[PDB]
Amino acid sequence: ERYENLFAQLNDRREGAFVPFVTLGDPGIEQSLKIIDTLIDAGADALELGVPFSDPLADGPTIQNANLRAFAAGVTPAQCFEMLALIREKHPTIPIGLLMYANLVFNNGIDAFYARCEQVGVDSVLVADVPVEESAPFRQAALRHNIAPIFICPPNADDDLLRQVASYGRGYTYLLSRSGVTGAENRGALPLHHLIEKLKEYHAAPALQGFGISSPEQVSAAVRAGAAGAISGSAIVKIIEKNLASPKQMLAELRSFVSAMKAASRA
């Protein structure tokens, strides 16, 4: 599958993965598609993609405002799935992961949601407000439709939680940089070496560190500590927010940022 292939290729090249996040449809459907193509062309190894949700309880103001811009353009989950299909048609091998809130997965049937993910070529789904303790119907539906269920390893994880995330997760493990919500200005500085080592000991899916990653130095630190890669969202979205009136400068600044962040993942 796409994650296993990616991480194998990156390991052969002694490379970490750089995985940007954007909200689908921000600031509009067409510009969002151009944005995503620019992120790929600039060196993104995989994608994390959000579906706009009315009450994103795990996101800070930057991604809250991305959702609002998307809603202002009329973006719906159905339109997001049409985008996902187009993205996959253009890019057959890049891993595509969704970051979802539970109600959008549950609303019209858990099984049906994962069936649609499979139809459009999504590789993984992380449900931000479904902990391992509540994940059974989500992970079963994911696996039934060849979707990797993604679980979070938080910095306060105990050994039992480490063993659960290692057993139940697939594709990658989401290693949180810190407590709190998403935010480029809040950089996590707690050393995560111990958690990275336990995950590997327990044969967990390779770890991608996320939350607060906004500079190339943070990407290098994550890979150097043993993570398989790093995720950056708010830092990317701020470039969108800053250049709403200059769509071309937006893409150029996104390319520069992505290229620099990916360069820092190379060892």
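Counting begins at 1, following the sequence as shown.
Residue 187, though modelled here, lacks coordinates in at least a third of the other entries of this protein that were compared and that model residues flanking it.
Stretch comparison (163 to 171 versus 115 to 123) by mean CA B-factor in the PDB entry places 163 to 171 on top. Taking only CA atoms, the mean B-factor in the PDB entry is higher for 30 to 38 than for the other of 50 to 58 and 30 to 38. In the PDB entry, the Cα temperature factor peaks, among 192, 130, 105, 141, at 192. For the set 196, 85, 78, 99, the PDB entry puts the maximum C-alpha B factor at 196. For residue 145, the recorded CA temperature factor ranks within the lowest third of the chain's modelled residues. Per the deposited record, the Cα B-factor of residue 109 falls in the middle third when ranked against the other modelled residues of its chain. Among the modelled residues of the chain, residue 68 sits in the lowest third by CA temperature factor in this PDB entry. Among the modelled residues of its chain, residue 157 has a C-alpha B-factor that falls in the highest third according to the deposited record. Sorting the modelled residues of the chain by their CA temperature factor places residue 221 in the highest third.
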